[PDB]
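Comments concern the structure below.
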Ligand SMILES: Cc1cncc(-c2ccc(N[C@@H]3C[C@H]4CC[C@H](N4)[C@H]3CCC3CCS(=O)(=O)CC3)c3[nH]c(=O)c(C)cc23)c1
C-alpha cells in the first residue's frame with residue numbers, strides 16, 4: 001500500500017541514522033569500509049562474507065533490510081567475522097575483538113532505546129505477507 005511504503009522508508013531512515021552513529025565513532029573505524037586486501041591478503045579466504053558499515057548503508061539503500069532484525073544479522077556478522085579472523089591473545093587481536101563486541105553492544109543498545117517494538121513488529125508482519 002502507501003501505508004507500507006512509508007513503513008519501510010522509516011525503517012531505512014532509522015537504520016541509516018544508527019549506522020551513521022556507529023560509523024563516526026573512532027573505535028569502529030576498522031569496521032567502516034571493506035578490508036584492504038593488501039593489509040590482510042588472506043581475509044577473503046578466511047571470511048565467507050565480509051561485512052562492513054559502508055556495505056550496510058548500501059544494503060539499506062538497496063531495500064535489502066525489511067526488518068531491524070535482518071539489519072542486526074549484518075551487525076552481528078561484522079562482529080563475528082572479527083572474532084573469527086582475529087582470535088589470538090596478542091593485544092592487536094584483543095583490541096579489535098573488544099571493538100567488534102562494542103559495535104555489536106552499541107547497535108543493540110541504541111536499538112533497545114530507540115526502536116519501537118510495535119514498529120519492528122509491523123515491519124515483520126508486512127515482510128511475512130510476502
Ligand atoms: C587499515 C586497514 C585496512 N584493511 C584492513 C585492516 C586490518 C589489518 C589487520 C587486521 N588484523 C590483524 C591480524 C593479526 C596481525 C596483527 C593483529 N593480529 C591484527 C591487527 C589488529 C588491529 C586492527 C586495526 S585497529 O586500529 O582496529 C587496531 C587493532 C585486521 N583484521 C580485521 O578483522 C579487519 C576487518 C581488518 C584488519 C586495516
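Going through 128, 84 one at a time, which residue ends up being touching a residue at least 24 places away in the same chain (Cβ under 8 Å) and either more than 15 Å from the ligand (Cβ to nearest atom) or surrounded by fewer than 16 Cβ atoms within 10 Å (Cβ to Cβ) (or both)?
Step by step, each of 128, 84 is checked, and only 84 is touching a residue at least 24 places away in the same chain (Cβ under 8 Å) and either more than 15 Å from the ligand (Cβ to nearest atom) or surrounded by fewer than 16 Cβ atoms within 10 Å (Cβ to Cβ) (or both).
Pick from the stretch 87-98 the residues that are within 6 Å of the ligand (Cβ to nearest atom) and outside any loop (DSSP other than H, G, I, E, B): which of them is surrounded by the fewest Cβ atoms within 10 Å (Cβ to Cβ)?
The qualifying residue surrounded by the fewest Cβ atoms within 10 Å (Cβ to Cβ) is 92.
Just give me the residues in the stretch 69-81 being surrounded by 20 or more Cβ atoms within 10 Å (Cβ to Cβ) and under 19 Å from residue 110 (Cβ atoms), in sequence order.
71, 74, 75, 78, 79
If we scan the stretch 5-25, do we find a residue that is more than 28 Å from residue 119 (Cα to Cα), more than 8 Å from the ligand (Cβ to nearest atom) and free of Cβ contacts under 8 Å to residues at least 60 places away in the same chain?
no
So, of the residues in the stretch 62-74 that are free of Cβ contacts under 8 Å to residues at least 40 places away in the same chain, in a helix (DSSP H, G or I) and in contact with a helix residue (DSSP H, G or I) (Cβ under 9 Å, 6 or more places away or on another chain), which turns out to be farthest from the ligand (Cβ to nearest atom)?
Among residues in the stretch 62-74 that are free of Cβ contacts under 8 Å to residues at least 40 places away in the same chain, in a helix (DSSP H, G or I) and in contact with a helix residue (DSSP H, G or I) (Cβ under 9 Å, 6 or more places away or on another chain), the one farthest from the ligand (Cβ to nearest atom) is 70.
Conditions tested, residue by residue: (1) surrounded by fewer than 17 Cβ atoms within 10 Å (Cβ to Cβ); (2) on the phi < 0 side of the Ramachandran plot; (3) not in a loop (DSSP other than H, G, I, E, B).
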{"site": "10", "(1), (2), (3)": "yes, yes, yes"}
{"site": "18", "(1), (2), (3)": "no, yes, yes"}
{"site": "29", "(1), (2), (3)": "yes, yes, yes"}
{"site": "33", "(1), (2), (3)": "yes, yes, no"}
{"site": "39", "(1), (2), (3)": "yes, yes, no"}
{"site": "45", "(1), (2), (3)": "yes, yes, yes"}
{"site": "60", "(1), (2), (3)": "no, yes, yes"}
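All of the numbers you see were taken from the coordinates with simple rules; none came from a lab. Every residue, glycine as well, gets a Cβ built from its backbone with ideal geometry; the counts of neighbours run over all protein chains shown.
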